[PDB]
Amino acid sequence: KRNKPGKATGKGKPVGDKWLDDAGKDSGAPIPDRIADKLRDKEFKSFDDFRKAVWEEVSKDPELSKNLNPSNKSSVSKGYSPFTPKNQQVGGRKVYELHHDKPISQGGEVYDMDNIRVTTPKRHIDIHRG
Amino acid sequence: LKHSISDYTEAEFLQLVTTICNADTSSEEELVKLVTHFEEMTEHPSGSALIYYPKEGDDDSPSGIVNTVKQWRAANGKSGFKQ
Ligand SMILES: [Zn+2]
């Protein structure tokens, strides 16, 4: 289902400067409302294509991008996920990861931004653990 | 050629750091490979933070990063760059 086309939906939430700090805690950080406004109703061939669009929009957003350093700004400008702080990295997983709150395996929506969270590798592994 | 710091001249190492800082790759995978390589080369306890999460006061230009690495290795009993 991650590789079937869908249009992006949902509202997201207001965020601040600590947006990506929240990705290491609880259920992760929300998709920002400002990002949801840009991506709603666009069609994506796959979830990977959506992921790329998220980071490109972050690169272009003057409130979200200001809290990334020059090297991380370069990364998001390419549509790559930015690098997390070292202690949130796990092996070769060193960048922020998108997470579905209601699992896709359980009929969770792939492209509904209200069902998506931004996580660090460490937090993402821990959420799925059980 | 790229097995250790001592295999790189300072100029060659600056080229590597510049490529990383500019995300001058064809994929996210390629960039992650380069950052991992940097971490393994420098042996600096901060790892990727030298590039992405600089300590207050540190110069996070490519030149600044190279000098932070060079100074740390010099102060901590490690071998230096080639020439
Ligand atoms: Zn997940």
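Because only heavy atoms are used, hydrogens play no part in the values below, and waters and symmetry mates are left out as well, while side chains stay in. Within every chain, numbering begins at 1; the chains are lettered A, B, ... in the order of the sequence lines, protein sequences first and strands thereafter. For ligands, and for the atoms within them, numbers begin at 1 and follow the listed sequence.
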Which residue pairs satisfy the salt bridge (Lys or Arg N to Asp or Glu O under 4.0 Å) criterion with at least one member in residues 63-90 of chain A, sequence neighbours excluded?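 Non-adjacent pairs meeting salt bridge (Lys or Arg N to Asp or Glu O under 4.0 Å): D17(A)-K66(A), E63(A)-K66(A).
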If you look only at pairs with a residue in residues 27-38 of chain B, which of them pass as a salt bridge (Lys or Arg N to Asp or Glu O under 4.0 Å), with sequence neighbours excluded? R51(A)-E28(B)
Ignoring hydrogens, what is the shortest heavy-atom contact between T120(A) and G24(A)? Give both atom names and the distance.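 The pair with the smallest heavy-atom distance is OG1-CA, 3.7 Å.
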Filter on side chain to side chain donor-acceptor pair (under 3.5 Å), then keep only pairs touching residues 30-43 of chain A, sequence neighbours left out; what's left?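 Sorted pair list: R34(A)-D61(A), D37(A)-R40(A).
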Give a yes or no on whether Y52(B) and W72(B) share a hydrophobic cluster (residues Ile, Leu, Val, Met, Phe, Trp, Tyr; joining criterion: side-chain heavy atoms under 4.5 Å apart). no
Quick one: sort the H124(A) and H99(A) rings into parallel, tilted or perpendicular, breaks at 30° and 60°. perpendicular
Atoms (protein N, O or S; no water) under 2.8 Å from the Zn ion (ligand 1): 3
